[PDB]
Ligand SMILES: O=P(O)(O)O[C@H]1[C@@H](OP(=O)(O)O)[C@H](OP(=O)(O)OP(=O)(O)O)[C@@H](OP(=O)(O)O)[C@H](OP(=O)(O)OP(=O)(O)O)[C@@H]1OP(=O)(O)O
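Next up is one chain by itself, shown in structure tokens, the form deposited without this ligand.
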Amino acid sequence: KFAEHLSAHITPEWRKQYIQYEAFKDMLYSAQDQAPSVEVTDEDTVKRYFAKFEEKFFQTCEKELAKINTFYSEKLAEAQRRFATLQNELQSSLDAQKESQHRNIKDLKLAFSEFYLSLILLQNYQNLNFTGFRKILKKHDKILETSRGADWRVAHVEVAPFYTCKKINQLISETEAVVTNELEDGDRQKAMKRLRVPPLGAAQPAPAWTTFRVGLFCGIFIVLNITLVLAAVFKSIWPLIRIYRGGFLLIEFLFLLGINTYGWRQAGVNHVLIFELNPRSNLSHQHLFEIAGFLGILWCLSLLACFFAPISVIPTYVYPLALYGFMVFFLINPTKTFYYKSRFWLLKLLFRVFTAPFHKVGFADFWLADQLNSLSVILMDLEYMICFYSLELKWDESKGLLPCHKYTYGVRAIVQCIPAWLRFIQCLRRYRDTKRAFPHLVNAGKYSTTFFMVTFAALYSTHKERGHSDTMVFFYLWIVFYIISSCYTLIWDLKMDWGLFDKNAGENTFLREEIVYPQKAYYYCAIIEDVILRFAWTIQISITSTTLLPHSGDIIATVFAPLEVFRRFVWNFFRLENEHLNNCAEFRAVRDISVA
């Protein structure tokens, strides 16, 4: 009907400021079903019941129209002030450049684009709220056989500045004119081609070729996985799983990111605005599903080529090497094709993460540097593969893949602490920037314990190998720091990265006041799953960096790795939801762009 249409063209952050068409329909239906029968009753009581119901309905309409008009006036004042500011800024910039550049002009163009998008969203809100108001009043009129409905409509709704003001329309026209003149030297077409606003959020569908390709890649993937299982069961192996564990984690991750983006699109957790992508065009969930499926096809094919031996000229150790060489070349492809805009956004982001303490920390660069705390197994397996191919590989006999173990020399500890270091120094940069110690240093005191845990694990491993007597006290220190860097991380997650256990639970017990994901068992299952998978993950870390007996010293590492990429997949939902929820209380919908 329409109650769905209000949930596909609504801008998510302005939720409570919209109509309450859902609640109005509930009120109407409940009053109708509750309204007793007059045929078995008197007249005065039932007609007074109708009267009081009408009065309550009208008071609710009063409050609703007042709220809508106030919010729209506030947003119009804000947009007018922002347009005045940006116009003065453009004027001053033009005068300065005439009296006396690319990075300035591009940012100015983008600021104008974001302002036009804010205007479009305000206009859409106006139109949708008016439509919902009209529909919910016509329904009441039809169900209560009353004529005063449209009378009071034309009296009060058809006069309010909520829709009887065309300032937004003339501002849109003025913005169009000013951009196409100043920033374009005429040629309205090349300006409008980017000023246009296609449907955003859950409204945009897939090009249907992307859904076909998702299907094709998932089908080939399923058949190759079944072929893999069958080949492995019918037709040592540790350097062959310790090399494809990296690819497995990186396929699982860019699918659980596809699932995450679908969850965000549906639930209304605006990730577009939070990451600061551009809201006109971005990657929906199917594009991530398709990238994950393609890289999974490549992984399965390389694994199969290792299992069988199709070509007798190419030795086996070229298959994983070629798979990862591809993966990297696909990521670093310089020609403008195969997701070029997206790969180069991601590459600039990865650079800004990896040289951390210099650039100002946004949100994408501490979502990614915090999500790289789950692919430490990928980094360790890549370090191990490099160690293999450069120090131990037989390089001959076409068997060197299936024939760098006592890593306690001080390399595996560092390559496992490197993402913890990235995030620690990012938080220190955030502190230097904000000059607020909380939360920016209590959070550094969460990643600063990973260093201590891994260092004590390595030292206890070395001392148990030696045979000293202080191995007991080192093991005790390690178990203390394990308990810490587990309970610290768990409390921190549940209390600041998701926001749960707030002072204002109320009906939503153990949760914040407003929850975006519909069913309330989700958060409880996630709480329990995180409490379990945050433990045993520090176990996996301390075990991949020790001298435990390789049997059951590595099976645990390869079992708990894709069971922790899952923990991160679950954590993503609620981190991004809590962030959206802190932007759904400031009524923000457009990435403030800062002219130069």
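Throughout, we count residues from 1 along the sequence that is shown.
Asks: For the stretch from residue 235 to residue 236, please bin the deposited residues that the model skips: none, 1 to 3, 4 to 9, or 10 or more.
Replies: In the record, 4 to 9 residues between residue 235 and residue 236 lack coordinates.
Asks: I'd like to know the size of any gap between residue 100 and residue 101, counted in deposited residues with no coordinates: none, 1 to 3, 4 to 9, or 10 or more.
Replies: The entry leaves 10 or more residues without coordinates here.
Keep in mind that the form deposited with this ligand bound is not shown, yet the notes after this line are about it.
Asks: Heavy atoms within 4.5 Å of this ligand in the deposited bound form: which of the stretches 157 to 165, 73 to 81, 468 to 476, 139 to 147 has them?
Replies: Of the options given, it is 139 to 147.
Asks: Can you work out whether this ligand is within 4.5 angstroms of a heavy atom in all three of 67, 352 and 432 in the deposited bound form?
Replies: Looking in the deposited bound form, the three residues 67, 352 and 432 all stay beyond 4.5 Å of this ligand (heavy atoms).
Asks: 359, 341, 520, 406: which sits within 4.5 Å of this ligand in the deposited bound form by any heavy atom?
Replies: By the 4.5 Å heavy-atom cutoff, the listed residue in contact is 341.
Asks: Considering non-hydrogen atoms and a 4.5 Å limit, which listed residue (173, 508, 278, 181) is close to this ligand in the deposited bound form?
Replies: Answer to the contact question: 278.
Asks: Test of understanding: in the deposited bound form, would residue 587 fall inside 4.5 Å of this ligand by heavy atoms?
Replies: No, residue 587 stays farther than 4.5 Å from this ligand in the deposited bound form.
Asks: Should residue 21 be classed as touching this ligand in the deposited bound form when contacts are defined as heavy atoms within 4.5 Å?
Replies: Heavy-atom contact with this ligand at 4.5 Å: present for residue 21.
Asks: Spell out, yes or no, whether the shortest heavy atom distance between residue 580 and this ligand in the deposited bound form is within 4.5 Å.
Replies: Close contact is absent here: in the deposited bound form, residue 580 is far from this ligand, nothing within 4.5 Å, heavy atoms only.
Asks: So in the deposited bound form, does any heavy atom of residue 9 sit within 4.5 Å of this ligand?
Replies: The answer is no: residue 9 has no heavy atom within 4.5 Å of this ligand.
Asks: Any residue of 169 to 191 with a heavy atom within 4.5 Å of this ligand in the deposited bound form counts; write them all down in order.
Replies: Only 190 sits within 4.5 Å of the partner.
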